[PDB]
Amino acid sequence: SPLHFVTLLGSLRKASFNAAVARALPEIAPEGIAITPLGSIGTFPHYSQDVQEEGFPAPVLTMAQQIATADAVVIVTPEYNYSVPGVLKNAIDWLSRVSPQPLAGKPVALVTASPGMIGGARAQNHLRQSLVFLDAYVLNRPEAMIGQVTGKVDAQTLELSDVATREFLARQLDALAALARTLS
């Protein structure tokens, strides 16, 4: 029984280090697991109940259904101002309003990449808190906070080059897989 994971990306910039990490996941994916990226969160309008009343934005409904059929979600995001990027939270806000809400019962792993050293622990904390409210099953272990990322992805070639980082992400995907199969 092959697993299907989808990735949600929390940064919009082209040279995003988190995007590099996200793009690496399908090549890193251990046997039995296929991984594909979701559409951009940049296509969502700002959440507004008035907009919702008129109808859900198409990219929102598309993403929700993509999450619904997936075996798990991997969220890869930077940390802004000791919390989750507003753009990413905005995507979560829209998704949370869909019926049925696609994150309920969904296995989720969190990954954060940062040039520094804390590696996004606070964004992950806040993100987990929302995901508990949405009844998601967020992987406890191993925690994926990737520090000093600037020297772990190669400039010009966009790709995550750190071999140690790649192996770590593979172990996290395996644990996420185990969680998904346990909950099924």
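Start at 1 and count along the sequence shown; that's the residue number.
Quick one: say whether 128-136 or 26-34 has the higher mean Cα B-factor in the deposited entry.
It is 26-34.
Mean temperature factor over C-alpha atoms, higher-scoring stretch between 17-25 and 158-166
The deposited B-factors put 158-166 ahead on the C-alpha mean.
Whose CA atom has the top B-factor in the entry, of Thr43, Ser48, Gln148, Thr62?
Across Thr43, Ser48, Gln148, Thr62, the entry lists the biggest C-alpha B-factor for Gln148.
Modelled-residue ranking by C-alpha temperature factor, third containing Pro78
Ranked within chain, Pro78 CA B lands in the lowest tercile.
Using the temperature factors of the C-alpha atoms in this entry, rank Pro107 within its chain: lowest, middle or highest third.
Middle third of the chain for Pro107's C-alpha B-factor.
Assigned third (lowest, middle, highest) for the C-alpha B factor of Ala58:
Answer is middle: the recorded C-alpha B-factor places it there.
Using the temperature factors of the C-alpha atoms in this entry, rank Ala178 within its chain: lowest, middle or highest third.
Tercile = middle for this residue's CA B-factor.
Thinking about Cα B factors across the chain, which third does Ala144 belong to?
Within its chain, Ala144 is a middle-third residue by C-alpha B-factor, going by the deposited values.
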